[PDB]
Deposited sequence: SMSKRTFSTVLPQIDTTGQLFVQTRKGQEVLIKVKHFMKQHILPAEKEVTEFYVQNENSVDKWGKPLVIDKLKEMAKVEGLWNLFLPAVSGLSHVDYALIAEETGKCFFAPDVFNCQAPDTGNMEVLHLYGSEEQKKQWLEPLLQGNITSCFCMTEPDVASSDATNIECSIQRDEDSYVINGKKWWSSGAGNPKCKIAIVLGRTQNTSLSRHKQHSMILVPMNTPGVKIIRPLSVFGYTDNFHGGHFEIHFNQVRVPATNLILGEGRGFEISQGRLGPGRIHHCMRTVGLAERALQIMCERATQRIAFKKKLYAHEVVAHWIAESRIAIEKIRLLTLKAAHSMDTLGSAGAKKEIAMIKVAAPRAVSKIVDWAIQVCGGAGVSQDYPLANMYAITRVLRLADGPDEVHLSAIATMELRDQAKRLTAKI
């Protein structure tokens, strides 16, 4: 099931969580960068080797092994960072790991693995429906030695971070000899390149997410980068984005299971601390049944997350397409519902700064959109099902 290394590392992560991270929550909870405790915590994690756990080729962990670890990190908003496991940097690391040239890795992959710099992924554009990636019009043109980039991007997570020195950008390479689906490319763009302008931060229900901060509109005004900044090859844009978003999708879902287990904990502590109409709240059967329904949902999605991870292990993330889609739909909406019941049990306190539930709700709502909206994944599953259904009849 789990590997022996996987079991040991999980045990180590749990200890670290209980003994260092969680005791630091109060303070960290109570400007687009991170307080010094985050740094001391990172250093400690490095020493005990709890670092880059998300990357098999470095961690020596299977995706099954990591799922249980990632679940644990999901119980705390700054946990993934401490182990260098946070988005959008994990996906960006994977992109370079799988497709980067040797020069590209020496320059960017190494610093990222070290936690020296951060990065942002730039795909979504305000002026076009970006859920259909073929709509992307951010222009990339080629003169002999270099590429010129022009366009608008938004929702770039993490751009506010002064350490964010590098951007991975998806654009159109208009080419008349290639087909409609081979019209896009991925290119490295250093944040300090002339013509790169960060315009404004974007809120999520009036959170700005300063801590991971944040989410930005970035314009690309005549930016020139060396041809050697292109990733893999011209026309390979969609391929690379599929390569990175597969893990991206699954890491978010693993974390969500931990999020949910935290919500249900908060829900039960609360339902026992409050007397209304001469009964503790858990004695009102409707509240009881929310607790129960939440337990059922968590088990279902943890299992479906594990199934997906196990597919990746044995098929690679392309071959696990269907299972990743399934968990990407299931997880955020189920956990969203759990958080919302938890908020309801907490009364007015549920929407307040006094609990982490309102934040938790914002995170889960957004995951029905980020890394691809539910509806898009559902259509992909329907297509895939109808193919498999056709196969079994041949």
Could you please spell out the deposited residue ranges that have no C-alpha entry in the coordinates?
1-21, 52-61, 426-428
